[PDB]
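Q: Sequence plus experimental coordinates follow:
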Amino acid sequence: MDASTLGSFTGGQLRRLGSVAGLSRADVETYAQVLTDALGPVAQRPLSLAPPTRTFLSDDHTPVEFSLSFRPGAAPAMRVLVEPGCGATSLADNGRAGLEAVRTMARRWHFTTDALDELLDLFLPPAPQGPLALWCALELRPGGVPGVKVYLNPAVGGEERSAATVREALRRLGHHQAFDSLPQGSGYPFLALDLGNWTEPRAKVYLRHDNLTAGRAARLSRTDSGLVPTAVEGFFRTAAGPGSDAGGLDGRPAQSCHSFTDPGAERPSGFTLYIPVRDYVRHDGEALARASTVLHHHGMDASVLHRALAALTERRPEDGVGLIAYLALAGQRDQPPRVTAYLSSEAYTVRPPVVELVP
């Protein structure tokens, strides 16, 4: 019928993945509409056109990514990550469009944005530097009222100003000198806020880790942020396969996230390690096999993740790479660890046209 658009294609993925995650037809319809509205003008962009901006949200510049988070005894939790300002003619207008999208969501669900407002001069200046201005992740909760997380760029004024930007953000969010509790890293790729019916900020600091080793990974967190060193080393080795025991992971950098949630607290209560598994496998069959091992090690079934990949695309996992972009092990104080698979939309990753060569 009609040519596929970013909206129709990513919407189809949201619907099929949402059903795999056990969401109702009603909730899936609600969230498909939320994603279309979040994409704004680019939702109508035909997939036959080049990607609208070189968004760094995914390798092929699709401005949508999905995730499924597995907790023992819990239904799978689905998120969608979007860049609402995708297709703006400048990073400044990208940020403004991103902020408008978050405020529209706030007027709909009436979550508090005071914590975001406290940060906007730091993260949305004029002449911003890449690679992002504002991304939004929506947790697709039963009942149609999502969790909203906003991702901002500590390097917006240059990498040299990243550390000072994170320290000032945490101070403004009532976390004093929490910056000094963070482990050594190579960079600060994101600061994120979890927004809801709370005014108490939930602040997340991301660190880049170049050439990470299993031992160094074991030292990024303390017991009181939900993971134990042996679980972190086991996960590192399972996820990384050949990147393991070779002088440090040798593909794109690993990341950690440090969650500050207790009011006034100078120490994080949550820790996540992200491994870019797509750089360390022959194909998505191997990524799926490693994800299945991690899930089994944390007491969870993996059949939903097998259905999730088929929901994304009809492609055999073994016939490409990148459908599973990252795997993560997520700890929170006094909670069972969570395993998360980040799933690529691949809206711009197409089989070339079939035209047989006949001599």
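A: Perfect, I can see it now. Numbers count the residues shown, from 1 in each chain.

Q: Now the terminal residues of stretch 20-29, how far apart.
A: Using C-alpha to C-alpha, to the nearest Å, one end of stretch 20-29 lies 14 Å from the other.

Q: Report the buried residues of it.
A: Going by neighbour count (16 or more other C-beta atoms under 10 Å), the buried part of stretch 20-29 is 20, 21, 23, 27, 28. Bear in mind the C-beta positions are built from the backbone N, C-alpha and C, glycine included.

Q: can you give me how far the helix or strand harbouring residue 26 is from the chain middle?
A: Under the criterion of DSSP states H and E, residue 26 resides in helix 25-39. Distance of helix 25-39 from its chain centroid, counting by C-alpha atoms, centre = their mean, to the nearest Å, is 18 Å.

Q: contacting residues around it?
A: The contact list for helix 25-39 (C-beta atoms under 8 Å, 6 or more residues apart in numbering) reads 6-7, 10-11, 14-15, 18-19, 23, 43, 63-64, 80, 82, 84, 86, 101, 104-105, 136, 138, 140, 142-144, 146.

Q: Please flag which of those residues sit within helices.
A: Of these, the ones assigned to helices by DSSP state H are 6, 7, 10, 11, 14, 15, 18, 19, 101, 104, 105.

Q: So of those residues, which two are at opposite extremes in space?
A: Among the ones in helices among the contacts of helix 25-39, the pair separated by the greatest distance (C-beta to C-beta) is 19 and 104, at 26.1 Å.

Q: Quick check on residue 243: phi, psi?
A: Here is the backbone geometry of residue 243 (degrees, to the nearest 10): phi -60, psi -10.

Q: What about it, how many residues nearby?
A: 23 (other C-beta atoms under 10 Å).

Q: likewise residue 269?
A: Residue 269: 19 surrounding residues under other C-beta under 10 Å.

Q: Could you do residue 15 as well?
A: Residues within reach of residue 15, counting by other C-beta under 10 Å, total 18.

Q: who's in contact with it?
A: With contact set as C-beta under 8 Å, 6+ apart, residue 15 has these partners: 28, 32.

Q: From residue 222, how far out is it?
A: Going from residue 15 to residue 222 by C-beta to C-beta, to the nearest Å gives 41 Å.

Q: again, but for residue 338
A: Separation of residue 338 from residue 222 (C-beta to C-beta): 18 Å.

Q: When those two are compared, which one has more neighbours?
A: residue 338 (21 against 15).

Q: tell me the strands in this protein, going along the chain?
A: Counting by DSSP state E, the chain has these strands, from start to end: 64-70, 77-82, 135-139, 147-152, 191-195, 202-209, 254-260, 270-275, 324-332, 338-344.

Q: Turn the ones you listed into a markdown table, including distance to residue 288.
A: Output for the strands of the chain, formatted as a markdown table (distance: least, C-beta to C-beta, whole Å):
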| stretch | distance to residue 288 |
| --- | --- |
| strand 64-70 | 12 |
| strand 77-82 | 17 |
| strand 135-139 | 23 |
| strand 147-152 | 26 |
| strand 191-195 | 27 |
| strand 202-209 | 24 |
| strand 254-260 | 20 |
| strand 270-275 | 14 |
| strand 324-332 | 7 |
| strand 338-344 | 9 |
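
Q: Just the closest of the ones in helices among the contacts of helix 25-39 to residue 303, please.
A: residue 19 (14.4 Å).

Q: burial measure for residue 187, as a count.
A: The number of residues packed near residue 187 is 16, by other C-beta under 10 Å.

Q: er, residue 67 actually
A: Neighbour count of residue 67, defined by other C-beta under 10 Å: 21.

Q: what's across from it in the sheet?
A: Beta bridges link residue 67 to residue 79, residue 342 when assigned by DSSP bridges.

Q: Tell me where the stretch 251-359 of the chain has helices.
A: Secondary structure of the stretch 251-359 of the chain by DSSP state H, counting those that start in this stretch: the helices cover 284-297, 303-312.

Q: And the spatially most central residue of the chain, how close does it get to residue 300?
A: The residue lying closest to the centre of the chain (C-alpha atoms, centre = their mean) is residue 81, at 6.1 Å. Distance of residue 81 to residue 300, computed by C-beta to C-beta: 22 Å.

Q: With residue 202 instead?
A: 24 Å.

Q: Quick check: beta-bridge partners of residue 330?
A: On the basis of DSSP bridges, residue 330 is bridged to residue 272, residue 338.

Q: got the contact list for it?
A: By C-beta under 8 Å, 6+ apart, the neighbours of residue 330 are 69, 226, 257, 270, 271, 272, 337, 338, 339, 340.

Q: Closest to residue 50 out of those residues?
A: The shortest approach to residue 50 among the contacts of residue 330 belongs to residue 340, at 30.4 Å (C-beta to C-beta).

Q: Can you report how many residues lie near the closest one?
A: Considering only other C-beta under 10 Å, residue 340 is surrounded by 21 other residues.
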